[PDB]
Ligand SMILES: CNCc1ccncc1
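Consider the single chain below, provided in structure tokens and representing the form deposited without the ligand.
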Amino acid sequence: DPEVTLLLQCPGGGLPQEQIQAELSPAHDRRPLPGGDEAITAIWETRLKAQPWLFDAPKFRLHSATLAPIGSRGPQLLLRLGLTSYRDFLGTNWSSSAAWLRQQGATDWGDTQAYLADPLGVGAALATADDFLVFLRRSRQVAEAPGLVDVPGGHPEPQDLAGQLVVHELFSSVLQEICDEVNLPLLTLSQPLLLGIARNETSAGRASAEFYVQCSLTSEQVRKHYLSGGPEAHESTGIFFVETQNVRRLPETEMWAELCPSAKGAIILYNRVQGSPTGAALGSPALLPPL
């Protein structure tokens, strides 16, 4: 799967909010382009003169994420974050020249991402009470990965002593994205666990934090809530469910070729961090069938 790379695999079956620190610093921002940020401004102008109802929004930028030594006490992860925008994304990662910016970043800064917006996404492996994961079909008329399969998620918009508020907005945003798109009540959802961070190599290396969330409703009740919003309550065109039993071999199915890179990231991290048992009981052959 060349279109997805793992940046972080979390320990302990995944990390809760209270074990993560963030450092939000202008040292973690995109570097100005070599010939100047006028090139981003020019792309934006062209776009607004065709689609004048579009608007900019601030986004978090991922610089890097450092895991503590495994088995340690105290905070287990440091997220190094900067700020970027939807405009900066359109002028860098989305640009036809994005590969030239990556080579220039290697040359000038020893950092393939130095000249890229790299907005941070969130996604969820969302499990039902009857042990299915939740999938969504993308519209064939959208910009990103038209007609492909996705999981619930989005790109959070901003508003350890500013840090803890930032970690809170990241965990809050994955629940809000599930409530807005799947139409589920907030009280049916568990507190999220962070599984890891995946990069989309088809969008010049931008990263998404992938979370595990449990729902107290069955697949049938989740479907009812999604459909009862009507066509205007969701951006997706359909919902469907795969047994957690069968997610283990999803990369061997015809479904895999239809998954967008960020959904492939969520399923790889679910399989490595929540699947793949380590103990004698769950590792026994009748519960973990060989092949």
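From 1 onward, residues are counted along the sequence shown.
Asks: If the chain runs straight from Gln159 to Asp160, say none; otherwise bin the unmodelled deposited residues as 1 to 3, 4 to 9, or 10 or more.
Replies: Unmodelled stretch: 10 or more residues.
Asks: Looking at the entry, does 71-79 or 118-126 show the higher mean C-alpha B-factor?
Replies: It is 71-79 that shows the higher mean C-alpha B-factor.
Asks: On average, are the C-alpha B-factors higher in 22-30 or in 226-234?
Replies: So the stretch with the higher mean C-alpha B-factor is 226-234.
Asks: Select one of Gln113, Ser208, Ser96, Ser85: the residue whose C-alpha shows the highest B-factor in the crystal structure entry.
Replies: The listed residue with the largest C-alpha B-factor is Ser96.
Asks: By the entry's C-alpha temperature factors, tell me which of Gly196, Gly105, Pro146, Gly91 sits highest.
Replies: Result of the comparison over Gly196, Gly105, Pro146, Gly91: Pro146.
Asks: Taking only the Cα B-factors deposited for this chain, tell me whether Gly14 sits in the lowest, middle or highest third.
Replies: Tercile = lowest for this residue's CA B-factor.
Asks: C-alpha B factor of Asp56, ranked within the chain: lowest, middle or highest third?
Replies: Its C-alpha B-factor, which the entry lists for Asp56, ranks in the lowest third among residues of this chain.
Asks: When the deposited Cα B-factors of this chain's modelled residues are ordered and cut into thirds, is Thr278 in the lowest, the middle or the highest one?
Replies: Highest third of the chain for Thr278's C-alpha B-factor.
Asks: Pull the Cα B-factor of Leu217 out of the PDB entry and bin it into the chain's lowest, middle or highest third.
Replies: For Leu217, the deposited C-alpha B-factor lands in the middle third.
Asks: Hey, what third does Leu62 fall into on Cα B-factor, ranked over its chain?
Replies: For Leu62, the deposited C-alpha B-factor lands in the lowest third.
The next section is about a form of this same protein that is not shown, the form solved in complex with the ligand.
Asks: Tell me which of 185-193, 118-126, 99-107, 213-221 has residues with heavy atoms within 4.5 angstroms of the ligand in the entry with it bound?
Replies: Every other range fails; the passing one is 118-126.
Asks: Would you check, heavy atoms only and a 4.5 Å threshold, whether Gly153 touches the ligand in the entry with it bound?
Replies: Flag for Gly153 set to yes.
Asks: Is there any non-hydrogen atom of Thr92 lying within 4.5 Å of the ligand in the entry with it bound?
Replies: No, no contact at 4.5 Å.
Asks: Evaluate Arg138 for contact with the ligand in the entry with it bound, applying a 4.5 angstroms cut-off between non-hydrogen atoms, and reply yes or no.
Replies: Judged by the heavy-atom cut-off of 4.5 Å, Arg138 is in contact with the ligand in the entry with it bound.
Asks: Given a 4.5 Å distance limit between heavy atoms, list every residue of 51-65 close to the ligand in the entry with it bound, or none if there are none.
Replies: Residues within 4.5 Å: none.
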